[PDB]
Amino acid sequence: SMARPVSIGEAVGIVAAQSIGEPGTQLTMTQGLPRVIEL
Amino acid sequence: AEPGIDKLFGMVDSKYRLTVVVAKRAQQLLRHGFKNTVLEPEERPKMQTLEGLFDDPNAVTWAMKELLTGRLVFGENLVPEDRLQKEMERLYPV
Amino acid sequence: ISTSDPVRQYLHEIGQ
Amino acid sequence: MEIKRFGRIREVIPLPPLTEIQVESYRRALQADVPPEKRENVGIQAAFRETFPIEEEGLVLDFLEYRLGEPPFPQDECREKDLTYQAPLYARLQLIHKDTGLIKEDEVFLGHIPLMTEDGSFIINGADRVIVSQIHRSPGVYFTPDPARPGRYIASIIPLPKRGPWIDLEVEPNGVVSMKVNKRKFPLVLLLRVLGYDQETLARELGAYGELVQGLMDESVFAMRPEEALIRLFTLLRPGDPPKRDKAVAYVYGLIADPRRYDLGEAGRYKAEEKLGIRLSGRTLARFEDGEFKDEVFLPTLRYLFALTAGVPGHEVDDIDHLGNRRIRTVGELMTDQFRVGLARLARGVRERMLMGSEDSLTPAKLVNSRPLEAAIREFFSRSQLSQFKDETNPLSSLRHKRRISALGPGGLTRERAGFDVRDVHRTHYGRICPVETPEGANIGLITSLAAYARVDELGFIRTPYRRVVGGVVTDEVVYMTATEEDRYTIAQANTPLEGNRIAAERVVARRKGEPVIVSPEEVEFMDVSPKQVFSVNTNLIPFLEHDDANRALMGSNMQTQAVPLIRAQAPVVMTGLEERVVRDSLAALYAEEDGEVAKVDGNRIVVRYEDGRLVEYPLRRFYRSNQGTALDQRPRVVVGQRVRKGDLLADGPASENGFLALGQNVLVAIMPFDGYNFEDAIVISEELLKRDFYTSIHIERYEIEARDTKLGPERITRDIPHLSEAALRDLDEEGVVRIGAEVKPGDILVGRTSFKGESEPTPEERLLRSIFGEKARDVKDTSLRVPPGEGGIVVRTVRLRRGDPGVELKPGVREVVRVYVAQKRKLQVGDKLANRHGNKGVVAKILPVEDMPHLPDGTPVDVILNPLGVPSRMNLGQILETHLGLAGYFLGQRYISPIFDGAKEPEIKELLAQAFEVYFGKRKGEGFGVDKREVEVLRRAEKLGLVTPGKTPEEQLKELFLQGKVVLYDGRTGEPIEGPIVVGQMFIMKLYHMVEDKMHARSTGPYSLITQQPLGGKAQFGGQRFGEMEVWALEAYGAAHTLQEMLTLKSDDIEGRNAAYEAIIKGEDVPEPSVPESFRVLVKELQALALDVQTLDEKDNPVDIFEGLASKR
Amino acid sequence: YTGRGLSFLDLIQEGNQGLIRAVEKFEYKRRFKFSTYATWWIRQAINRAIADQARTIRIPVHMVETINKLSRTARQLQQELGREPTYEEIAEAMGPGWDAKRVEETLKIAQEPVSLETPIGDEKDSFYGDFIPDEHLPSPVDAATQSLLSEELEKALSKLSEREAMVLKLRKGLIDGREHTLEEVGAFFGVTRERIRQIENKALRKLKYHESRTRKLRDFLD
Amino acid sequence: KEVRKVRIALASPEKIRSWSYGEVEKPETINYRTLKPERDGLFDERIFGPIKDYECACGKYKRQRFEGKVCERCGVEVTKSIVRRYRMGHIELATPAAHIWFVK
Amino acid sequence: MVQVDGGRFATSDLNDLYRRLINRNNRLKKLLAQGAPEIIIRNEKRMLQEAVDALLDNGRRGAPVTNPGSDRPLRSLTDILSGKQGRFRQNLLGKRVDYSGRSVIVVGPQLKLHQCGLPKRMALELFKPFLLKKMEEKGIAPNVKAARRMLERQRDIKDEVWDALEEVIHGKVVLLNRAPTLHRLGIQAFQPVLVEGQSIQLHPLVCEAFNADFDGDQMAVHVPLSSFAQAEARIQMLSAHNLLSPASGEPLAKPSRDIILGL
Amino acid sequence: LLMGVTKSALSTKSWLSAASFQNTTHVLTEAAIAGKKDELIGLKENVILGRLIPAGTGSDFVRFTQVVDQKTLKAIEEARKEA
DNA sequence: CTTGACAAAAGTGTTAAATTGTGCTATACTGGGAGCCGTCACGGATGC
DNA sequence: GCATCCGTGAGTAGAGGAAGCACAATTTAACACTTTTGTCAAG
Ligand SMILES: [Mg+2]
Ligand SMILES: [Mg+2]
Ligand SMILES: [Zn+2]
């Protein structure tokens, strides 16, 4: 979000989960969202 | 965006340290009634009121502008907490 | 009789 | 304003009564008008003949006839007094002493049967309600293939819901056919023996297929007598019960042979006979006669199963989603089912009451306790899933709700356990269920709407009309036929050209079992009546439907229900032809019964002198509040002395103009971006709409208060409220209620009420306060009803019901109840939601003055500005064609009727635009005005874009733009023209029920929860906004640790924190550091109630008391 | 006896207690079979258990039998009159000593409490507990104005004399929490009963004069 | 001191009886007429605390002066009413009963 | 067991579960004292065991326990602490908050990237404790209680109350929220601008991050209170400070449908 | 060893986070018997207790930062080092 | 201001009375009533 | 392997929401009656 080295103390785990799960509604749905879920 | 936000972020190693310094400075300003400010009378933030131009009551705005000047020293274990509060009370009665 | 049915279990017990 | 009608298809039959699904079904169930001795064995008459006679096994309680009396109160009285519009039910029963041989007859009061209003709805507890028809799997015998093992089929026998167990016949791999009842599998060989079947009988009938019969020839139990085989079967089904012949025969009889417990149903019996090719004597799996079991359906079911597995040509599997296999339970069947269940409970109570207490001197009145019957009926009409609050925002809203089909409800599917197959459009929905109309989201495909021409038959199967085609000519003979019957014919399309009645096209587009095919005129056997039968009433109101994507046509039809009535509502310029029929069948307007003359016209009533001479006075519903708060009023449309014919309109109903459905306004629409105020579906409107009172609606809000009895004393509804000035009590009359006609704002008192204060000594500071001022504390406190924030208007009605009033059944402890009706006239404002019939919706984001809106060269400003970017992604091109047709009709002063899929085409729209240009620009030439300089510039830019042919005169180029629906549009701010021609026309826009006035809410502090001490939820309760898990995740990702902590503790449930934070803020200080939430304290105590020692520790593992020493025993 | 508030097994166990009592009091000298006499005790036990354990808010037997009798009379009138009877008709049929008020009070008493977890609507996300505010704990506004009143009262009492402020804070119970009496206040300062009510009145009068001059305390009176 | 760790563990019968301020011996909740909680019931003031701050059941002590005191006439401790959210009781089972969590 | 707005009583399902356990426990004590036979005692002990199980976890073993007169299972301790409607997910991981509002959103093109259109009536209620202090500071009201009483009635609010309101919100920011909050930019800090009306004005450039169009969306407004909360919102959560997507690093507040078309 | 997100989250060292996710009966049963102690390391546990989450401004790296101006800092240092 | 009165609010028994808890009823009666498939589908753990 | 059991399935908002009696035992309201408090003079 800033194009600079990550600041110490950022909850990157929550950001990681939100980043992956945000476009989930855009998946086509072994292909699409079910493929992601099993992976 | 907040004025001088790029300069504010570059003065700290972590963006959350900047927020802590600004928030702590704002309460120091609020606790002593803005009498411990490092801003000269021509540098005090102002707001436009119907009566006229008056001092900004938002201490966060004051704290951000004070940090831009560079007259504030921030860091860890600068002074003891109890010694800091008592000395500020003595120099700035409230 | 039925372990999961207490009423049927009681009726079996009194039937002895 | 003449109406030009497009279309070439000649509809041979009109639309059936749109509410006949609700009205005719309930009439058949009640049968209140047919004489008792001519009543057929259907409806609640079938319920009486089924449960009765009740036999003690020598007392017999026989049923002879029933009748329904007049309702105790009229419909208006029930609504005003919160009553149920119902009719008392009396049954004529006779008690037969089989010992003595004496009959005593009397009429017993079985309770109250709720009555259906003429429009097709019910008044339950003073509220209008609609019973939604339910779709489910039709009962009968079905043969589905086994998915686990290919080439195998399973026989399923389904009775009526809650009328017997499902019967599963499956060929096991071992070869023996198994039967599953109540999750218990057992060999069908045993039960087949129980019904008197030998070894040679089975081989003589089922032995002509192959190895299948050999699996049904187990001789170990064939020689076994039916009696012990019945006992052996009885032990298998329920193990543990002592084996007794009398108990065993009763259980088997009750399982498959008892009409009172097992009911295949009229639809189920008909399907079983039609599928298996047999003739059921009754509606049960077996008949129990002469002390022995005789087979009805197991052998024909098993015969079909064996033949289907063998592979004979005449046997096929059944599609359970096929609409011939799915039936509709209307209000009549649902009410009868609940009536039958309640009657069974009454029958059980009678049976157990007639076995004790003065056996000789018993009367049918004493034995019959009618409370279980009334309770079951009351439960169905109040707390059923299919008994829904009537949606009456506008007459179309109520009309749709009655024609809705729901797969949910008691006995149907589940909202979350429903797969894609039950939610999908089957091929048999063509002409019977609308494909596009459905609630998008979690209810998509589960709630559907009946088609316009579709009707439900006696058995519950939806039928659709088709025109008989013989020898290539299309006749006027219309056949209503079900999906299973429809699959046997080649049905053409309604758009096939006809030269009179003979089919002219050599290649006819037809359907064979739902598949599109191309056939010759001589291969056509049936034809569609019209394109309107495929869609519902709501979808049929969308002009140019063929140019709209289905996903957006779904939104357009659904939003037509949400349109509010307007005080100046106008029928759309472009219509489809159902606008008159929707109003006529909604019973919202008033029509003349026969030819006559109007004697008296008034805003309150109309008196018409009919030809026969009788004077009929029709009271007019005026400013009535609907279930959604909208004002439903009827405005007279006749004058004194006017001659009216039969069916002539007398008074418009809500949202109707001269008998035509008017859900919105016809406004001049310009399709162009405007300074970002059109951004992302936002809508720009002119201030001229507000000046002439367009999109202005009247909404009525109801406020209720009750004066209760309390231990300390009775609450008094009075004008004398303690500690209030005269300004607060200015609008209250001497009775304490606000006067009618007073304007009320938030915080204003609607009715003054005082309640006795609970006995409690005051705080010492208050005692000193009263001591200083010398004021004695009173015994009553202000508990009056005030206007909630964001509400108000004009008090138009005050309803005061007092204890003991005739028909007012106030709850115990309530002396009186006062209802205040506050009506406000809402104008269109920023944030209000506008929409059209083509799925284009948006909120008004800007209201511009008349001098800022773009205007035509003649000086006419546009009313609404639409963003063109919303068209390409949604693919709803019908609004563009409506805009083009509206532009042509705006300057020609005419309206149009373009039926869906057969209406105005572009050549017909363009020929109208050519005439509209001759009055648009030809008038300018007559006035002595040439071509504008600004117009010349736009034409120069337009010819660079290829919109006009180069080399033509400016007038000819302007005509070319006009034929495309585009005009030279000027900017009201700069005066310079828009650099390109803009599509400007007249479009019908509706104002939806969703308004920002009823959705804005804010709260600083308010009511808190009981256990968790967290703020409540909802605007009505003045609650806070739910900060759920995802919101907490957002703060965690941002790193806002202190912002999150405040919301978790300071602003939600930190009782010490929130009290100190509010106190600190009002003192001008910063809020203090928060503490442990009360919810965590609740969690700890609830964990301790589970015998779990949850202890909060410190850095040194020592216990830390978070309860402040209030939970530690000394 | 099923469907009257107690489960089937609860009815059996209560009847078992009656059966045990029947055995203790049974006499075989009368030549009557056991089932004839045991049926009384078993039915008595089941009915008493229903009258004592079928309601969350327990109602005595005498009032329960009154409620049951009231329901029976209402049903008989309802089936005879073809409509729900009014309180006057129910009271008249009940007998002497019964009026519409007593019938209404008994019906109000016979109201079972409603569960806090009963859902409303098809959506299983709303219950009664979500719509019932907590009116016991003071609101943040109520706690604030109480603190505002306390700080303004202690400031107003400063203008008083050292003893006069003490007397009012002691006579109005601002110190120990409880209101004291003139004799009790007298023991604190060694002063007689009569003198204190005069200095208490005089101190009260001075506060009235100060408030009338400043009006910084009227708003808290509501 | 600040909370740093949260420990969950089994509660012994001795510990459960240590949490409880009194045994609930009757299923009565409140008096149906006076609406006051019944003695020894699920809402007994003698076990879980007073309904209102600094006031016993019998109405003899009604102020904060007698804080931390138990009235001899009624048995209700004169303290804050918020203790009714934090004070637990216990039921002495005639026979032991297994905890369903550690079974199913 | 609380009396409600009227006169009737409302009680939780735990009281019913507790009552049955006490009724069965007391009856077992009586049965044991009477020397009842083993079958009666065994049945009572089994019923006592089931009563404990229903209280701790209803429906886990056997048929769920239902209130007579209805088929709804009683809510046990396990049901209270578990599920989407349990204590954790409904009251601990998420809560309802004070100083929170909600209204329909409309597009504001004249707003800056860090600004939002907050209605006056919403801001009056949201910033009420701050407003009451400000009115006390000026001559609008004598004290806080008089100020609050003045704001109770709409017709009793003078024109100087609004003037104090803008002084209150000067520099402060509010959090705009649209559900579902799929990513972290579903909540953003904006500087409120008092506007006439009832709808929130949303900047066009933040629509994509919020996934918010103007066909009838609604948003939640939250007011951070202290200096720590204001500093976090103004520095970290400000809309003009979050311009790049944390998922990919590409710009998230960028020109959109009408802006791209015009350029 | 490889496990899914559900199994990995349910087998975490903190019972408070695991109980609030899924298998509340199972997680609490195992934690109570084992006498598990939650050190409150992640974000969910602090949210449940209403504490300051150990991320962002609540992280130990930046939480203890002190701000002071020239005049007070010199006054504190001068009045202390003078001894 | 201490002293002596006086009218009224409050604490203290006393008792007829509503109000509540307990016991008992003797022809003989002796193992329940309700339900019932678009049963929801898919992993995952444990048993055997 | 193969059954069997068990837990899971987006987020805000809205509007709509059938015994009866006798008799002893334990509260409870009414009634006096006596302190016990508030009060009002002697100058
Ligand atoms: Mg929807
Ligand atoms: Mg949207
Ligand atoms: Zn006491």
Side-chain angles (χ1 to χ4, degrees), chain A residues 21 24-25, chain C residues 7-8 10-15, chain D residues 127 136-137 156 158-159 161-166 168 180-183 241-242 255 261-262 320-321 348 353 369 383 389 407 412-414 416-419 421-422 627-628 994 998-999 1001 1017-1020 1025-1026 1028-1031, chain E residues 2 4 8 21 25-27 30-41 43-44 47-48 52 60-63 65 68-69 71-72 75 118-123 126 128 131 181-183 192-195 197-198, chain F residues 33 104, chain G residues 84 94 102 177-182 186 218-220, chain H residues 4 6-7 22-23 25-26:
Chain A
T25 60
Chain C
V7 172
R8 183 190 332 268
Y10 183 64
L11 293 182
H12 173 265
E13 289 174 0
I14 77 179
Chain D
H136 69 99
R137 298 188 49 180
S156 308
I158 311 176
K162 293 181 176 66
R163 298 293 293 160
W166 291 32
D168 282 292
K180 179 197 309 178
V181 181
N182 293 318
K183 292 181 284 185
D241 285 358
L255 182 84
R261 302 212 318 103
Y262 195 96
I320 58 155
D321 276 309
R348 156 178 291 267
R353 189 181 301 285
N369 177 17
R383 286 156 297 211
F389 203 55
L413 296 159
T414 303
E416 291 84 5
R417 321 280 68 99
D421 290 331
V422 310
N627 283 342
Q628 333 292 322
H994 308 289
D998 305 322
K999 302 201 170 191
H1001 174 52
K1019 172 173 175 176
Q1025 296 303 314
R1026 161 81 184 180
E1029 293 174 282
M1030 323 194 58
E1031 290 80 29
Chain E
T2 67
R4 299 173 54 168
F8 186 40
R21 186 92 198 102
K25 293 194 57 60
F26 182 81
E27 293 179 353
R30 306 196 187 184
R31 287 186 169 82
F32 289 120
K33 290 182 73 174
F34 181 75
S35 66
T36 297
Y37 183 70
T39 307
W40 283 106
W41 291 103
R43 289 195 289 94
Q44 104 82 6
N47 269 335
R48 191 79 78 188
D52 279 313
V61 177
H62 74 269
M63 187 65 74
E65 66 183 1
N68 294 332
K69 171 172 207 273
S71 297
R72 297 192 308 97
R75 183 177 68 238
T118 51
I120 56 171
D122 290 359
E123 296 177 301
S126 278
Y128 290 180
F131 303 84
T181 60
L182 294 168
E183 183 176 1
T192 57
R193 293 192 296 273
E194 160 61 12
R195 172 58 175 172
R197 63 175 284 275
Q198 183 49 16
Chain F
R33 201 166 81 275
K104 298 298 180 181
Chain G
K84 173 154 51 181
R102 177 179 218 91
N177 184 10
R178 192 211 161 248
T181 312
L182 298 181
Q218 291 185 249
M219 273 187 165
Chain H
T6 305
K7 186 174 175 65
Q22 177 180 357
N23 290 3
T25 301
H26 182 77

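Just so it is clear: chains get the letters A, B, ... in the order the sequence lines come, proteins before strands, and each one is counted from 1. Every heavy atom of this structure was used, including side-chain atoms; hydrogens, water molecules and symmetry mates were not.
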Under 4.0 Å between any heavy atoms, over every strand shown, what does [X] touch: base, sugar-phosphate, or nothing? Just pick one.
X         : value
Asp168(D) : base
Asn68(E)  : nothing
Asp321(D) : base

Apply ring-ring contact (aromatic ring centres under 6.0 Å, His included) to residues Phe26(E) and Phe34(E) and explain how you reach the verdict. CA-CA 7 Å; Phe26(E) 182 81; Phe34(E) 181 75; 5.2 Å; yes
Within this structure, what is the [atom1]-[atom2] distance for the pair [X] and [Y], rounded to the nearest 0.5 Å?
X         : Y          : atom1 : atom2 : answer
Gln22(H)  : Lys7(H)    : CD    : NZ    : 11.5 Å
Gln218(G) : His1001(D) : CD    : NE2   : 11.5 Å
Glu183(E) : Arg193(E)  : CD    : CZ    : 5.0 Å
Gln44(E)  : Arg21(E)   : CD    : CZ    : 9.5 Å
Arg72(E)  : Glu65(E)   : CZ    : CD    : 10.5 Å
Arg353(D) : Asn369(D)  : CZ    : CG    : 5.0 Å

Comparing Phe26(E) and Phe34(E) on DNA chain I - which has the more 5′ nearest nucleotide: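 In this pair, the answer is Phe26(E).
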When the P atoms of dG21(I) and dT26(J) are considered, how many whole Å apart are they? 11 Å
Rounding to an integer number of Å, can you tell me how far [X] [atom1] sits from [N] [atom2]?
X          : N       : atom1 : atom2 : answer
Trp40(E)   : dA19(J) : CH2   : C1'   : 9 Å
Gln628(D)  : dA15(J) : CD    : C1'   : 9 Å
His1001(D) : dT12(J) : NE2   : P     : 16 Å
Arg193(E)  : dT36(J) : CZ    : P     : 10 Å

Under a 3.5 Å cut-off for both contacts, is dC37(I) paired Watson-Crick or G-U wobble with anything, and if yes, with which nucleotide? none
Which base sits across from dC29(I) as a Watson-Crick or G-U pair, both distances under 3.5 Å? none
Minimal non-hydrogen separation, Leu255(D) against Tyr262(D), with atom names: O-CD1, 3.5 Å
Could you tell me if the side chain of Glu27(E) sits less than 4.5 Å from the side chain of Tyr37(E), heavy atoms only?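 Not in contact.
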Side chains of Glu1031(D) and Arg1026(D) in contact at under 4.5 Å (non-hydrogen atoms): no
As a check on the pairing definition, encode DNA chain J in dot-bracket form, counting Watson-Crick and G-U wobble pairs whose two distances are under 3.5 Å, and using | for partners outside this strand. |||||||||.........||||.......|||||...|.|...
Need the pucker for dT8(J). North if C1'-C2'-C3'-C4' is positive, south if negative.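 North.
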Can you figure out if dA10(J) has a north or south sugar, judging by whether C1'-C2'-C3'-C4' is positive or negative?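 The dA10(J) sugar sits on the north side, the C3'-endo region.
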Report yes or no: is there a donor-acceptor pair, N or O only, under 3.5 Å between the side chain of [X] and the base of [N]?
X         : N       : result
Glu194(E) : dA41(J) : yes
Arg43(E)  : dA19(J) : no
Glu123(E) : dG14(J) : yes
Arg353(D) : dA18(J) : yes

Short side-chain N/O contact to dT27(J) OP1/OP2 from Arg33(F), under 4.0 Å: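 Answer is no, no contact under 4.0 Å.
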Look at the side-chain N and O atoms of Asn47(E) and state whether any lies under 4.0 Å from the OP1 or OP2 oxygen of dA19(J). yes
Please classify the glycosidic conformation of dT8(J) as syn (within 90° of 0) or anti (everything else). anti
With a 4.0 angstrom cut-off to heavy atoms of chain F, pull out the first and last contacting nucleotide of DNA chain I, in 5'-to-3' order. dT19(I) to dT20(I)
Residue whose nearest DNA chain J nucleotide is more 5′ - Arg102(G) or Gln44(E): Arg102(G)
Does NZ or CZ of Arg43(E) fall inside the cone over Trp40(E)'s six-membered ring, less than 6.0 Å from its centre and within 45° of the axis?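 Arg43(E) over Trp40(E) ring: yes.
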